[PDB]
Amino acid sequence: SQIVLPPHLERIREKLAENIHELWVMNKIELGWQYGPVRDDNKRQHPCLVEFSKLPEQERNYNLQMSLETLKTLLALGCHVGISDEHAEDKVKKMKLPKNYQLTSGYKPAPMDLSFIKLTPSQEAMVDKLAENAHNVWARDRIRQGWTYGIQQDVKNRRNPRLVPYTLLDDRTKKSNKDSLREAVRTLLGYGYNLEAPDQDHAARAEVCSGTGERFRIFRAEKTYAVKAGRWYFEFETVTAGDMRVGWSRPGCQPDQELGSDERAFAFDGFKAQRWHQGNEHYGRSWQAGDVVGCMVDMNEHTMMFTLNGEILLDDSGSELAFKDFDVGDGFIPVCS
Ligand SMILES: Nc1ncnc2c1ncn2[C@@H]1O[C@H](COP(=O)(O)OP(=O)(O)OP(=O)(O)O)[C@@H](O)[C@H]1O
Ligand SMILES: COc1ccc2c(c1)CN(Cc1ccc(C(=O)O)cc1)CCS2
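When we follow the authors' numbering, the leftmost residue of the sequence shown carries the number 870, and every step to the right adds one.
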């Protein structure tokens, strides 16, 4: 609402509103909609097919407001607009149209066909965002009405399966709104009022949202199974490919601290290809979904090694040892974050 409309948009939006009005009535007659005295969509009768003057002024004004919200929404998207020229707006060609596609009046509303104009990926993205905003303004109205979501539409209980996020919306209506949006944006472009998209903003949430406030969960064997000597091996399977750590931990490990940040644990972060013990150093490569990581420790020469799907993971050098030397201490147990 805080947005103020430029005069060139003001002298463009009345012509926009009319043009899309006839766009709407041509879409209606192409799909096979007929004129009728009564307000019955199932019986295929509606006085809406006549010109906007004979059309109910409520709908005609609603169309103008509908377009006004659309203009204010292009402006609020951060999509700045430029004026290409004036003569292409003064002179707009008209396709020849078939009689069956024509209504009772001989006037052909379909203006210079938008097929010449091509939709860039950014122009499609803003079409998606306009569709999202229209759906959201559609649902704010329904919620104000008190209509709530329901798996099956209820006329009396005011339940519409339609009140869902646009991503979850049914493909039929989503496409129908999308087409009118797409044709609306193309009509805006064909008015010579070329729109330049805001720069692509990259936003990564890094999965801050989590159960309560826990960032990670640590799974380990019981402290009584600590190994002090010998050769030991266990395997860790990665169903997903995200922030994981696997390795050997001392019985003094804190469940709230990250693996390898302190001296109590030795871990391998394949997500960043990092080996973790009081710091991170580059080691090995990254895993994908389904990769199996093997962990081997030999407390005789105090070495630690790792395998990704069988092959030995190396550090920056040619050495196969993730942690060359450590102390036996109290022992080690398998651990995973
Ligand atoms: N001239 C017009 N300008 C703008 N929008 C219009 C116009 N005529 C009809 N509409 C649209 O028609 C729709 C009316 O049906 P709607 O999709 O809201 O059904 P609904 O969700 O079942 O509604 P309700 O919950 O009120 O029963 C609205 O989204 C409204 O924006
Ligand atoms: C979405 O902005 C507009 C702007 C202009 C016009 C329409 C829609 C189309 N309408 C017909 C209509 C009425 C109700 C429904 C419905 O029940 O959803 C669907 C179509 C009015 C004539 S021009």
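No residue lacks a Cβ here, since even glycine has one placed at the ideal position from N, Cα and C.
query	result
Cβ shell of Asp1160 (< 7 Å), same chain only, five flanking positions each side left out	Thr1107, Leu1177 and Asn1178
Beta-carbon proximity check, residue 1209 vs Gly1015, cutoff 8 Å	Any property of residue 1209 remains undetermined from this structure, which presents the chain solely from 870 to 1206.
Residue list, Cβ distance to ligand 2 heavy atoms smaller than 5 Å	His890, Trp893, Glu928, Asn932 and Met935
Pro916 in three-state terms, based on DSSP	helix
Best match in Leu944, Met964 and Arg1154 for proximity to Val1054 [C-alpha to C-alpha]	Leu944
Supposed contact pair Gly1061 and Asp909 - C-beta distance, whole angstroms, cut 8 Å	Contact doesn't hold; Cβ gap of about 41 Å is too wide.
Completely contained beta strand (DSSP E) runs for the segment 1122-1178, where each covers 3 or more residues	1134-1138, 1143-1145, 1149-1151, 1161-1167 and 1172-1177
Any non-hydrogen atom of ligand 1 within 7 Å of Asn1029 CB	yes
With 16 other Cβ atoms within 10 Å as the buried cut-off, status of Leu1050	buried
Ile872 to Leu878 span [Cα, whole Å]	12 Å
Euclidean distance between Cα positions of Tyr1094 and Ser1188	29 Å
Residues sharing a beta bridge with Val1096, DSSP	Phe1201
Short Cβ contact (8 Å threshold) for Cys1205 with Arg1074	no
Host beta strand (DSSP E) of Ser991 (start-end)	Not the beta strand (DSSP E): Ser991 falls in the alpha helix (DSSP H), residues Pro990 to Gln1014.
Ligand 1 heavy atom lying under 7 Å from the CB of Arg1011	yes
Residue from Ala1136, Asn888 and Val1006 with nearest C-alpha to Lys977	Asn888
Length of the line joining the Cα atoms of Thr1017 and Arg1011	8 Å
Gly1129 vs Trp1145 beta-carbon contact at 8 Å	yes
Nearest candidate by alpha-carbon position, reference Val1162, set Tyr1102, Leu1032, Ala1090 and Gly1200	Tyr1102
Residues that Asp909 bridges to, as DSSP identifies them	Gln914
Minimum C-alpha distance to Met1168 - residue among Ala1066, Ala979, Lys923 and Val1096	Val1096
Status (buried if at least 16 other CB within 10 Å, exposed otherwise) for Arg913	exposed
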